[PDB]
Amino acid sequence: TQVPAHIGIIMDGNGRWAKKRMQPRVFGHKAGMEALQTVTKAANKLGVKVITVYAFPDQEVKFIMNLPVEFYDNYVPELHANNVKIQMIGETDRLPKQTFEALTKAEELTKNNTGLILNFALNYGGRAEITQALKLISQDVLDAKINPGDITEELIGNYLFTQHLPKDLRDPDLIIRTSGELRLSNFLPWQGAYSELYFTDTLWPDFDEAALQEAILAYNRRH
């Protein structure tokens, strides 16, 4: 049937997964990377146009900010060979030098690719995305580039971080949340306003191609 063109995913449950396997939380994030690799390849083959993914303590953040570097070295080449285009959204200026540079190389490597767009939401917050959009628009109105009569929902959409996606694919058709949490977490509040929501108890590192197909199957049974 109809495959949803844009899927949002809140990758929850890496810590619980690792605890369940009696391993450090760091092992869970590593397995979370594997799950993303599997899901990204499967969705690309099934014909999904976009996946926007969202990751959810002192020494943990050091290991977590090294994951984009690890992503670039051990996963990005295979994704690039699968014709996957890699982008990021969020306040990426806050990220460390090594992290921003690994992600930039992944963007540059894959920028000509014509398959699925893998969109990393990093240092991302919905309200903050909207806030900065409403700031830039107000600056442009103060500088007379745009009129206050030109302020519309379409204009706001052009100033969000999802602006770089193709116009018809900016808004998720489906938002998947793992690990049993029935809540929003400030992920794509604007873009996801009309999205089908799907909730599963399965933990993110166990979310595989079969779990993706079950989510896509649930989406088709809606309408």
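Counting begins at 1, following the sequence as shown.
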Worksheet, complete the sentence: Gap between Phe63 and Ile64, counted in deposited residues with no coordinates, falls in the class none
Item to complete: Between 33-41 and 151-159, point out the one with the higher average CA B-factor as the PDB entry records it.
Response: 151-159
Discussion item. Tell me which stretch has the larger mean Cα B-factor in this entry, 95-103 or 111-119.
Written reply: 95-103
Worksheet item: Looking at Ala128, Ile137, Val84, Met88, which has the highest Cα B-factor in the entry?
Response: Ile137
Worksheet item: Which one of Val26, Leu174, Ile51, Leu188 shows the top CA temperature factor in the record?
Response: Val26
Item to complete: Could you say whether, by C-alpha temperature factor, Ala193 belongs to the lowest, middle or highest third of its chain?
Response: lowest
Worksheet item: Thinking about Cα B factors across the chain, which third does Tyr124 belong to?
Response: lowest
